[PDB]
Every structure is written in structure tokens, then in C-alpha cells.
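To be precise, the following lines are model_20.tsv, and they hold TSV, N, CA and C atoms.
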```tsv
chain	number	residue	atom	x	y	z
A	1	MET	N	39.21	18.99	-64.40
A	1	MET	CA	39.04	20.10	-63.46
A	1	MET	C	40.21	20.18	-62.49
A	2	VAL	N	41.35	19.60	-62.88
A	2	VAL	CA	42.26	19.02	-61.88
A	2	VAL	C	43.72	19.40	-62.14
A	3	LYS	N	43.89	20.51	-62.84
A	3	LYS	CA	45.04	21.36	-62.62
A	3	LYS	C	44.83	22.00	-61.23
A	4	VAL	N	45.87	22.61	-60.70
A	4	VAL	CA	45.91	23.00	-59.30
A	4	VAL	C	45.34	24.40	-59.17
A	5	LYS	N	44.13	24.52	-58.61
A	5	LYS	CA	43.56	25.80	-58.22
A	5	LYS	C	44.18	26.23	-56.88
A	6	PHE	N	44.56	27.51	-56.75
A	6	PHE	CA	45.17	28.12	-55.57
A	6	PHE	C	45.11	29.65	-55.74
A	7	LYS	N	46.08	30.38	-55.17
A	7	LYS	CA	46.14	31.84	-55.15
A	7	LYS	C	47.59	32.29	-55.35
A	8	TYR	N	47.82	33.29	-56.20
A	8	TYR	CA	49.13	33.88	-56.48
A	8	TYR	C	48.91	35.18	-57.27
A	9	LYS	N	49.93	36.04	-57.47
A	9	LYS	CA	49.84	37.31	-58.18
A	9	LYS	C	48.62	38.16	-57.76
A	10	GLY	N	48.19	38.01	-56.50
A	10	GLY	CA	47.04	38.71	-55.95
A	10	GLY	C	45.73	38.34	-56.65
A	11	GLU	N	45.58	37.10	-57.11
A	11	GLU	CA	44.32	36.61	-57.68
A	11	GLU	C	44.25	35.09	-57.46
A	12	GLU	N	43.17	34.45	-57.93
A	12	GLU	CA	43.09	33.00	-57.99
A	12	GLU	C	44.05	32.56	-59.10
A	13	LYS	N	44.65	31.38	-58.96
A	13	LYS	CA	45.60	30.86	-59.91
A	13	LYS	C	45.38	29.37	-60.12
A	14	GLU	N	45.45	28.93	-61.38
A	14	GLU	CA	45.28	27.55	-61.81
A	14	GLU	C	46.63	27.17	-62.45
A	15	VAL	N	47.25	26.06	-62.05
A	15	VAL	CA	48.52	25.62	-62.63
A	15	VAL	C	48.47	24.17	-63.10
A	16	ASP	N	49.03	23.91	-64.29
A	16	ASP	CA	49.12	22.57	-64.83
A	16	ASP	C	50.44	21.95	-64.39
A	17	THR	N	50.43	20.63	-64.27
A	17	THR	CA	51.59	19.81	-63.96
A	17	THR	C	52.81	20.12	-64.81
A	18	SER	N	52.62	20.43	-66.10
A	18	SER	CA	53.71	20.82	-66.98
A	18	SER	C	54.60	21.88	-66.31
A	19	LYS	N	54.01	22.75	-65.47
A	19	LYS	CA	54.71	23.82	-64.79
A	19	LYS	C	55.15	23.49	-63.36
A	20	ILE	N	54.72	22.39	-62.72
A	20	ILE	CA	55.00	22.21	-61.29
A	20	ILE	C	56.44	21.75	-61.06
A	21	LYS	N	57.11	22.38	-60.08
A	21	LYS	CA	58.54	22.29	-59.85
A	21	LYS	C	58.84	21.41	-58.63
A	22	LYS	N	58.04	21.53	-57.57
A	22	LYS	CA	58.21	20.77	-56.33
A	22	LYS	C	56.89	20.83	-55.56
A	23	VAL	N	56.59	19.82	-54.74
A	23	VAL	CA	55.54	19.88	-53.73
A	23	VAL	C	56.04	19.15	-52.48
A	24	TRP	N	55.75	19.67	-51.29
A	24	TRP	CA	56.16	19.12	-50.01
A	24	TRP	C	55.17	19.65	-48.95
A	25	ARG	N	55.28	19.16	-47.71
A	25	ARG	CA	54.54	19.69	-46.58
A	25	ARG	C	55.39	20.73	-45.86
A	26	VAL	N	54.99	22.01	-45.87
A	26	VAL	CA	55.54	22.97	-44.92
A	26	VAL	C	54.84	22.74	-43.58
A	27	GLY	N	55.20	21.64	-42.91
A	27	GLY	CA	54.65	21.30	-41.61
A	27	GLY	C	53.14	21.07	-41.68
A	28	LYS	N	52.38	22.15	-41.47
A	28	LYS	CA	50.93	22.15	-41.50
A	28	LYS	C	50.41	22.17	-42.93
A	29	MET	N	51.02	22.99	-43.80
A	29	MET	CA	50.41	23.34	-45.08
A	29	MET	C	51.07	22.61	-46.24
A	30	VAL	N	50.30	22.38	-47.31
A	30	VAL	CA	50.84	21.85	-48.54
A	30	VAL	C	51.50	23.03	-49.22
A	31	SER	N	52.79	22.90	-49.52
A	31	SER	CA	53.64	23.92	-50.11
A	31	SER	C	54.16	23.37	-51.44
A	32	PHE	N	54.15	24.16	-52.51
A	32	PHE	CA	54.78	23.79	-53.77
A	32	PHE	C	55.53	24.97	-54.32
A	33	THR	N	56.44	24.67	-55.24
A	33	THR	CA	56.89	25.63	-56.21
A	33	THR	C	56.35	25.17	-57.56
A	34	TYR	N	55.87	26.13	-58.33
A	34	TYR	CA	55.37	25.92	-59.67
A	34	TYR	C	56.04	26.99	-60.53
A	35	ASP	N	55.99	26.82	-61.85
A	35	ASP	CA	56.64	27.70	-62.81
A	35	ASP	C	55.61	28.60	-63.48
A	36	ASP	N	55.99	29.82	-63.88
A	36	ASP	CA	55.20	30.66	-64.76
A	36	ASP	C	56.13	31.16	-65.87
A	37	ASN	N	55.99	30.60	-67.07
A	37	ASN	CA	56.73	30.99	-68.27
A	37	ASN	C	58.24	31.18	-68.03
A	38	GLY	N	58.84	30.29	-67.23
A	38	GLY	CA	60.28	30.25	-67.03
A	38	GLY	C	60.71	30.73	-65.65
A	39	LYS	N	59.97	31.66	-65.03
A	39	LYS	CA	60.29	32.05	-63.65
A	39	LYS	C	59.58	31.09	-62.70
A	40	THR	N	60.09	30.93	-61.48
A	40	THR	CA	59.47	30.08	-60.48
A	40	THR	C	58.32	30.85	-59.79
A	41	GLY	N	57.81	30.32	-58.68
A	41	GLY	CA	56.72	30.88	-57.90
A	41	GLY	C	56.38	29.81	-56.86
A	42	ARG	N	55.73	30.21	-55.76
A	42	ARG	CA	55.36	29.36	-54.64
A	42	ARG	C	53.84	29.33	-54.58
A	43	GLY	N	53.26	28.13	-54.46
A	43	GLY	CA	51.85	27.94	-54.23
A	43	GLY	C	51.68	27.15	-52.94
A	44	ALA	N	50.48	27.16	-52.37
A	44	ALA	CA	50.21	26.44	-51.15
A	44	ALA	C	48.70	26.31	-50.95
A	45	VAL	N	48.29	25.32	-50.15
A	45	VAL	CA	46.90	25.07	-49.78
A	45	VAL	C	46.88	24.42	-48.39
A	46	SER	N	45.73	24.47	-47.72
A	46	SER	CA	45.42	23.64	-46.57
A	46	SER	C	44.56	22.45	-47.02
A	47	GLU	N	44.85	21.26	-46.49
A	47	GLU	CA	44.22	19.97	-46.84
A	47	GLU	C	42.72	20.09	-47.07
A	48	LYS	N	42.02	20.73	-46.14
A	48	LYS	CA	40.57	20.87	-46.14
A	48	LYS	C	40.02	21.39	-47.47
A	49	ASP	N	40.82	22.19	-48.19
A	49	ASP	CA	40.45	22.79	-49.45
A	49	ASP	C	41.48	22.47	-50.55
A	50	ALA	N	42.15	21.32	-50.45
A	50	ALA	CA	43.10	20.80	-51.42
A	50	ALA	C	42.48	19.66	-52.25
A	51	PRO	N	41.91	19.94	-53.43
A	51	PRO	CA	41.36	18.94	-54.33
A	51	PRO	C	42.36	17.86	-54.78
A	52	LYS	N	41.77	16.71	-55.12
A	52	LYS	CA	42.45	15.44	-55.31
A	52	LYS	C	43.75	15.48	-56.11
A	53	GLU	N	43.85	16.05	-57.32
A	53	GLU	CA	45.13	15.93	-58.04
A	53	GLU	C	46.29	16.57	-57.27
A	54	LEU	N	46.04	17.71	-56.61
A	54	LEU	CA	47.09	18.36	-55.84
A	54	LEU	C	47.53	17.40	-54.75
A	55	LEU	N	46.53	16.79	-54.12
A	55	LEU	CA	46.81	15.77	-53.15
A	55	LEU	C	47.59	14.65	-53.78
A	56	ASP	N	47.19	14.11	-54.93
A	56	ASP	CA	47.83	12.95	-55.53
A	56	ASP	C	49.33	13.18	-55.69
A	57	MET	N	49.72	14.35	-56.22
A	57	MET	CA	51.14	14.66	-56.35
A	57	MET	C	51.80	14.75	-54.97
A	58	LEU	N	51.22	15.56	-54.08
A	58	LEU	CA	51.70	15.63	-52.71
A	58	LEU	C	51.60	14.27	-51.99
A	59	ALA	N	50.78	13.35	-52.47
A	59	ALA	CA	50.33	12.20	-51.69
A	59	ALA	C	51.43	11.17	-51.68
A	60	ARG	N	51.98	10.87	-52.86
A	60	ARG	CA	53.14	9.99	-52.91
A	60	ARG	C	54.24	10.54	-52.01
A	61	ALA	N	54.49	11.84	-52.13
A	61	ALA	CA	55.50	12.53	-51.32
A	61	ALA	C	55.23	12.34	-49.82
A	62	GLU	N	54.04	12.74	-49.37
A	62	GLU	CA	53.65	12.72	-47.97
A	62	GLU	C	53.65	11.30	-47.41
A	63	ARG	N	53.04	10.34	-48.12
A	63	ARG	CA	53.02	8.95	-47.69
A	63	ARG	C	54.44	8.41	-47.57
A	64	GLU	N	55.27	8.64	-48.59
A	64	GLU	CA	56.67	8.22	-48.59
A	64	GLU	C	57.39	8.78	-47.36
A	65	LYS	N	57.27	10.08	-47.11
A	65	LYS	CA	57.90	10.73	-45.97
A	65	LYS	C	57.36	10.15	-44.65
A	66	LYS	N	56.04	10.04	-44.54
A	66	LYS	CA	55.34	9.52	-43.37
A	66	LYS	C	55.05	8.04	-43.59
```
As C-alpha cells - that is how I would like this structure written.
Amino acid sequence: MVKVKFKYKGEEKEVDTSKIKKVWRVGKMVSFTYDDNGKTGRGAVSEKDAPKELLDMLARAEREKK
């Protein structure tokens, strides 16, 4: 259940790791770039509604930084 659920293209969006390009903290918010069939795209979530796998990828990043 643990591809990344979020919002993009004016709908809900689910992305697999095969497509994820970057994840970091935009200060307050979890910010990523993910891919769609060769073009990039930006995804984001707030912690309160960020399920575990999204966290896990961001987590190594965030812990390392902090």
C-alpha cells in the first residue's frame, strides 16, 4: 500500500520508487521530485498525513541532515 499517495495533475496521485527523483524537507513540508514517463514533476506532503514509506525515504535524508 506503500507507493507514495499525494496530489498532482489536479487529482490524487500514487508514485512508485522506480519513478522518484529526489526527496527533501522544504522547511515545513516534505518535498520531492518524482518522474512521470520521462518528464519530472514535484510532489509534497505534510508529516501528519505522510505514510511510512514516504517517510522512510525522506527519513534517512531528514535524520542525516538533522
Task: Minimum-distance residue to residue 44 of chain A, chosen among A:15, A:2, A:30, A:61 (using only N, CA and C atoms) - done: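 Using only N, CA and C atoms, residue 44 of chain A sits closest to A:30.
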With only N, CA and C atoms as the counted atoms, please give the residues lying no more than 7 Å from residue 33 of chain A, apart from itself and same-chain residues fewer than 3 positions off, as a PDB file with N, CA and C atoms, keeping the file's coordinate frame.
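As written to disk, out23.pdb reads:
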```
ATOM      1  N   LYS A  19      54.010  22.750 -65.470  1.00  0.00           N
ATOM      2  CA  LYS A  19      54.710  23.820 -64.790  1.00  0.00           C
ATOM      3  C   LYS A  19      55.150  23.490 -63.360  1.00  0.00           C
ATOM      4  N   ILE A  20      54.720  22.390 -62.720  1.00  0.00           N
ATOM      5  CA  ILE A  20      55.000  22.210 -61.290  1.00  0.00           C
ATOM      6  C   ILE A  20      56.440  21.750 -61.060  1.00  0.00           C
ATOM      7  N   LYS A  21      57.110  22.380 -60.080  1.00  0.00           N
ATOM      8  CA  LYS A  21      58.540  22.290 -59.850  1.00  0.00           C
ATOM      9  C   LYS A  21      58.840  21.410 -58.630  1.00  0.00           C
ATOM     10  N   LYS A  22      58.040  21.530 -57.570  1.00  0.00           N
ATOM     11  CA  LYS A  22      58.210  20.770 -56.330  1.00  0.00           C
ATOM     12  C   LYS A  22      56.890  20.830 -55.560  1.00  0.00           C
ATOM     13  N   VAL A  23      56.590  19.820 -54.740  1.00  0.00           N
ATOM     14  CA  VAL A  23      55.540  19.880 -53.730  1.00  0.00           C
ATOM     15  C   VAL A  23      56.040  19.150 -52.480  1.00  0.00           C
ATOM     16  N   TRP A  24      55.750  19.670 -51.290  1.00  0.00           N
ATOM     17  CA  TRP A  24      56.160  19.120 -50.010  1.00  0.00           C
ATOM     18  C   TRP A  24      55.170  19.650 -48.950  1.00  0.00           C
ATOM     19  N   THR A  40      60.090  30.930 -61.480  1.00  0.00           N
ATOM     20  CA  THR A  40      59.470  30.080 -60.480  1.00  0.00           C
ATOM     21  C   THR A  40      58.320  30.850 -59.790  1.00  0.00           C
ATOM     22  N   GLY A  41      57.810  30.320 -58.680  1.00  0.00           N
ATOM     23  CA  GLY A  41      56.720  30.880 -57.900  1.00  0.00           C
ATOM     24  C   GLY A  41      56.380  29.810 -56.860  1.00  0.00           C
ATOM     25  N   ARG A  42      55.730  30.210 -55.760  1.00  0.00           N
ATOM     26  CA  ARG A  42      55.360  29.360 -54.640  1.00  0.00           C
ATOM     27  C   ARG A  42      53.840  29.330 -54.580  1.00  0.00           C
ATOM     28  N   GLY A  43      53.260  28.130 -54.460  1.00  0.00           N
ATOM     29  CA  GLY A  43      51.850  27.940 -54.230  1.00  0.00           C
ATOM     30  C   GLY A  43      51.680  27.150 -52.940  1.00  0.00           C
TER      31      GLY A  43
END
```
TODO: Mind giving me the straight-line distance from atom CA of residue 66 of chain A to atom C of residue 13 of chain A in Å, one decimal?
DONE: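 These atoms are spaced 27.8 Å apart.
Between atom CA of residue 58 of chain A and atom CA of residue 32 of chain A there is a distance of 8.8 Å.
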Task: Atomic separation - atom CA of residue 63 of chain A relative to atom C of residue 5 of chain A, Å - done: 21.5 Å
Task: Selection near residue 14 of chain A, 6 Å with only N, CA and C atoms, sequence-local residues under 4 positions removed, as a ChimeraX atom specification - done: /A:3-6
Put a box with edges along x, y and z around all the listed atoms of segment 54-66 of chain A, pad it by 3 Å on each side, then give me its centre and sizes in Å, one decimal, as AutoDock Vina command-line options.
```
--center_x 52.0 --center_y 13.2 --center_z -50.0 --size_x 17.9 --size_y 16.3 --size_z 19.2
```
Task: Among listed residues A:26, A:45, A:36, A:51, nearest residue 9 of chain A (using only C-alpha atoms) - done: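 Going through A:26, A:45, A:36, A:51 one by one, the smallest distance to residue 9 of chain A is for A:36.
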- [ ] List every residue of chain A that DSSP, applied to the backbone of this structure, places in helix (DSSP H, G or I), and write the result as a PyMOL selection string.
- [x] chain A and resi 17-19+47-49+52-65
I need the residues from that last selection saved to file as an mmCIF file, in the frame of the given file (with N, CA and C atoms), if you can.
```
data_model
loop_
_atom_site.group_PDB
_atom_site.id
_atom_site.type_symbol
_atom_site.label_atom_id
_atom_site.label_comp_id
_atom_site.auth_asym_id
_atom_site.auth_seq_id
_atom_site.Cartn_x
_atom_site.Cartn_y
_atom_site.Cartn_z
ATOM 1 N N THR A 17 50.430 20.630 -64.270
ATOM 2 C CA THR A 17 51.590 19.810 -63.960
ATOM 3 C C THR A 17 52.810 20.120 -64.810
ATOM 4 N N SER A 18 52.620 20.430 -66.100
ATOM 5 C CA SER A 18 53.710 20.820 -66.980
ATOM 6 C C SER A 18 54.600 21.880 -66.310
ATOM 7 N N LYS A 19 54.010 22.750 -65.470
ATOM 8 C CA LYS A 19 54.710 23.820 -64.790
ATOM 9 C C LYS A 19 55.150 23.490 -63.360
ATOM 10 N N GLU A 47 44.850 21.260 -46.490
ATOM 11 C CA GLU A 47 44.220 19.970 -46.840
ATOM 12 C C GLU A 47 42.720 20.090 -47.070
ATOM 13 N N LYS A 48 42.020 20.730 -46.140
ATOM 14 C CA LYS A 48 40.570 20.870 -46.140
ATOM 15 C C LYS A 48 40.020 21.390 -47.470
ATOM 16 N N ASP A 49 40.820 22.190 -48.190
ATOM 17 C CA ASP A 49 40.450 22.790 -49.450
ATOM 18 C C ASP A 49 41.480 22.470 -50.550
ATOM 19 N N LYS A 52 41.770 16.710 -55.120
ATOM 20 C CA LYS A 52 42.450 15.440 -55.310
ATOM 21 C C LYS A 52 43.750 15.480 -56.110
ATOM 22 N N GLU A 53 43.850 16.050 -57.320
ATOM 23 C CA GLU A 53 45.130 15.930 -58.040
ATOM 24 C C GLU A 53 46.290 16.570 -57.270
ATOM 25 N N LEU A 54 46.040 17.710 -56.610
ATOM 26 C CA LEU A 54 47.090 18.360 -55.840
ATOM 27 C C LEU A 54 47.530 17.400 -54.750
ATOM 28 N N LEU A 55 46.530 16.790 -54.120
ATOM 29 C CA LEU A 55 46.810 15.770 -53.150
ATOM 30 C C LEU A 55 47.590 14.650 -53.780
ATOM 31 N N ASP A 56 47.190 14.110 -54.930
ATOM 32 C CA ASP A 56 47.830 12.950 -55.530
ATOM 33 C C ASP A 56 49.330 13.180 -55.690
ATOM 34 N N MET A 57 49.720 14.350 -56.220
ATOM 35 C CA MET A 57 51.140 14.660 -56.350
ATOM 36 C C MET A 57 51.800 14.750 -54.970
ATOM 37 N N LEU A 58 51.220 15.560 -54.080
ATOM 38 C CA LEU A 58 51.700 15.630 -52.710
ATOM 39 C C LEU A 58 51.600 14.270 -51.990
ATOM 40 N N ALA A 59 50.780 13.350 -52.470
ATOM 41 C CA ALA A 59 50.330 12.200 -51.690
ATOM 42 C C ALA A 59 51.430 11.170 -51.680
ATOM 43 N N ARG A 60 51.980 10.870 -52.860
ATOM 44 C CA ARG A 60 53.140 9.990 -52.910
ATOM 45 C C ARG A 60 54.240 10.540 -52.010
ATOM 46 N N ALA A 61 54.490 11.840 -52.130
ATOM 47 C CA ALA A 61 55.500 12.530 -51.320
ATOM 48 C C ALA A 61 55.230 12.340 -49.820
ATOM 49 N N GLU A 62 54.040 12.740 -49.370
ATOM 50 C CA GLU A 62 53.650 12.720 -47.970
ATOM 51 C C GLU A 62 53.650 11.300 -47.410
ATOM 52 N N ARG A 63 53.040 10.340 -48.120
ATOM 53 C CA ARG A 63 53.020 8.950 -47.690
ATOM 54 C C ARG A 63 54.440 8.410 -47.570
ATOM 55 N N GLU A 64 55.270 8.640 -48.590
ATOM 56 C CA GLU A 64 56.670 8.220 -48.590
ATOM 57 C C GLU A 64 57.390 8.780 -47.360
ATOM 58 N N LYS A 65 57.270 10.080 -47.110
ATOM 59 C CA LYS A 65 57.900 10.730 -45.970
ATOM 60 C C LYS A 65 57.360 10.150 -44.650
#
```
My structure is short of atoms at segment 28-54 of chain A; please model N, CA, C and O atoms there, returning them as an mmCIF file, in the frame of the given file.
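Done, and the output landed in out.cif:
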```cif
data_model
loop_
_atom_site.group_PDB
_atom_site.id
_atom_site.type_symbol
_atom_site.label_atom_id
_atom_site.label_comp_id
_atom_site.auth_asym_id
_atom_site.auth_seq_id
_atom_site.Cartn_x
_atom_site.Cartn_y
_atom_site.Cartn_z
ATOM 1 N N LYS A 28 52.380 22.150 -41.470
ATOM 2 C CA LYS A 28 50.930 22.150 -41.500
ATOM 3 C C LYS A 28 50.410 22.170 -42.930
ATOM 4 O O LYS A 28 49.415 21.512 -43.223
ATOM 5 N N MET A 29 51.020 22.990 -43.800
ATOM 6 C CA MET A 29 50.410 23.340 -45.080
ATOM 7 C C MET A 29 51.070 22.610 -46.240
ATOM 8 O O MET A 29 52.254 22.277 -46.187
ATOM 9 N N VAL A 30 50.300 22.380 -47.310
ATOM 10 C CA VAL A 30 50.840 21.850 -48.540
ATOM 11 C C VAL A 30 51.500 23.030 -49.220
ATOM 12 O O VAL A 30 50.845 24.050 -49.440
ATOM 13 N N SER A 31 52.790 22.900 -49.520
ATOM 14 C CA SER A 31 53.640 23.920 -50.110
ATOM 15 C C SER A 31 54.160 23.370 -51.440
ATOM 16 O O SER A 31 54.603 22.222 -51.471
ATOM 17 N N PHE A 32 54.150 24.160 -52.510
ATOM 18 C CA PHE A 32 54.780 23.790 -53.770
ATOM 19 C C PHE A 32 55.530 24.970 -54.320
ATOM 20 O O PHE A 32 55.255 26.115 -53.958
ATOM 21 N N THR A 33 56.440 24.670 -55.240
ATOM 22 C CA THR A 33 56.890 25.630 -56.210
ATOM 23 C C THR A 33 56.350 25.170 -57.560
ATOM 24 O O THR A 33 56.307 23.968 -57.852
ATOM 25 N N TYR A 34 55.870 26.130 -58.330
ATOM 26 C CA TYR A 34 55.370 25.920 -59.670
ATOM 27 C C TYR A 34 56.040 26.990 -60.530
ATOM 28 O O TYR A 34 56.626 27.935 -60.001
ATOM 29 N N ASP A 35 55.990 26.820 -61.850
ATOM 30 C CA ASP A 35 56.640 27.700 -62.810
ATOM 31 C C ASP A 35 55.610 28.600 -63.480
ATOM 32 O O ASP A 35 54.467 28.197 -63.679
ATOM 33 N N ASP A 36 55.990 29.820 -63.880
ATOM 34 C CA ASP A 36 55.200 30.660 -64.760
ATOM 35 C C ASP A 36 56.130 31.160 -65.870
ATOM 36 O O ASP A 36 56.991 31.998 -65.614
ATOM 37 N N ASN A 37 55.990 30.600 -67.070
ATOM 38 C CA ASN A 37 56.730 30.990 -68.270
ATOM 39 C C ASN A 37 58.240 31.180 -68.030
ATOM 40 O O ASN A 37 58.845 32.091 -68.586
ATOM 41 N N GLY A 38 58.840 30.290 -67.230
ATOM 42 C CA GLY A 38 60.280 30.250 -67.030
ATOM 43 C C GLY A 38 60.710 30.730 -65.650
ATOM 44 O O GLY A 38 61.718 30.249 -65.135
ATOM 45 N N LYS A 39 59.970 31.660 -65.030
ATOM 46 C CA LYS A 39 60.290 32.050 -63.650
ATOM 47 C C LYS A 39 59.580 31.090 -62.700
ATOM 48 O O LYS A 39 58.563 30.503 -63.066
ATOM 49 N N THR A 40 60.090 30.930 -61.480
ATOM 50 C CA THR A 40 59.470 30.080 -60.480
ATOM 51 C C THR A 40 58.320 30.850 -59.790
ATOM 52 O O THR A 40 57.934 31.930 -60.234
ATOM 53 N N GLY A 41 57.810 30.320 -58.680
ATOM 54 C CA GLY A 41 56.720 30.880 -57.900
ATOM 55 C C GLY A 41 56.380 29.810 -56.860
ATOM 56 O O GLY A 41 56.741 28.649 -57.048
ATOM 57 N N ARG A 42 55.730 30.210 -55.760
ATOM 58 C CA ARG A 42 55.360 29.360 -54.640
ATOM 59 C C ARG A 42 53.840 29.330 -54.580
ATOM 60 O O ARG A 42 53.204 30.374 -54.682
ATOM 61 N N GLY A 43 53.260 28.130 -54.460
ATOM 62 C CA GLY A 43 51.850 27.940 -54.230
ATOM 63 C C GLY A 43 51.680 27.150 -52.940
ATOM 64 O O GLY A 43 52.646 26.558 -52.447
ATOM 65 N N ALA A 44 50.480 27.160 -52.370
ATOM 66 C CA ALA A 44 50.210 26.440 -51.150
ATOM 67 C C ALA A 44 48.700 26.310 -50.950
ATOM 68 O O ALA A 44 47.944 27.106 -51.506
ATOM 69 N N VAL A 45 48.290 25.320 -50.150
ATOM 70 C CA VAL A 45 46.900 25.070 -49.780
ATOM 71 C C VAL A 45 46.880 24.420 -48.390
ATOM 72 O O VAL A 45 47.891 23.860 -47.949
ATOM 73 N N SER A 46 45.730 24.470 -47.720
ATOM 74 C CA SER A 46 45.420 23.640 -46.570
ATOM 75 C C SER A 46 44.560 22.450 -47.020
ATOM 76 O O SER A 46 43.629 22.630 -47.806
ATOM 77 N N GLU A 47 44.850 21.260 -46.490
ATOM 78 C CA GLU A 47 44.220 19.970 -46.840
ATOM 79 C C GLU A 47 42.720 20.090 -47.070
ATOM 80 O O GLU A 47 42.207 19.606 -48.084
ATOM 81 N N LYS A 48 42.020 20.730 -46.140
ATOM 82 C CA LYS A 48 40.570 20.870 -46.140
ATOM 83 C C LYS A 48 40.020 21.390 -47.470
ATOM 84 O O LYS A 48 38.884 21.090 -47.823
ATOM 85 N N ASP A 49 40.820 22.190 -48.190
ATOM 86 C CA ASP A 49 40.450 22.790 -49.450
ATOM 87 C C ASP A 49 41.480 22.470 -50.550
ATOM 88 O O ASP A 49 41.626 23.244 -51.494
ATOM 89 N N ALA A 50 42.150 21.320 -50.450
ATOM 90 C CA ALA A 50 43.100 20.800 -51.420
ATOM 91 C C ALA A 50 42.480 19.660 -52.250
ATOM 92 O O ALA A 50 42.506 18.515 -51.810
ATOM 93 N N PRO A 51 41.910 19.940 -53.430
ATOM 94 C CA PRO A 51 41.360 18.940 -54.330
ATOM 95 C C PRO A 51 42.360 17.860 -54.780
ATOM 96 O O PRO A 51 43.578 18.046 -54.849
ATOM 97 N N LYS A 52 41.770 16.710 -55.120
ATOM 98 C CA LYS A 52 42.450 15.440 -55.310
ATOM 99 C C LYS A 52 43.750 15.480 -56.110
ATOM 100 O O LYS A 52 44.712 14.924 -55.606
ATOM 101 N N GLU A 53 43.850 16.050 -57.320
ATOM 102 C CA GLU A 53 45.130 15.930 -58.040
ATOM 103 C C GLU A 53 46.290 16.570 -57.270
ATOM 104 O O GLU A 53 47.387 16.012 -57.247
ATOM 105 N N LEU A 54 46.040 17.710 -56.610
ATOM 106 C CA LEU A 54 47.090 18.360 -55.840
ATOM 107 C C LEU A 54 47.530 17.400 -54.750
ATOM 108 O O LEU A 54 48.722 17.188 -54.527
#
```
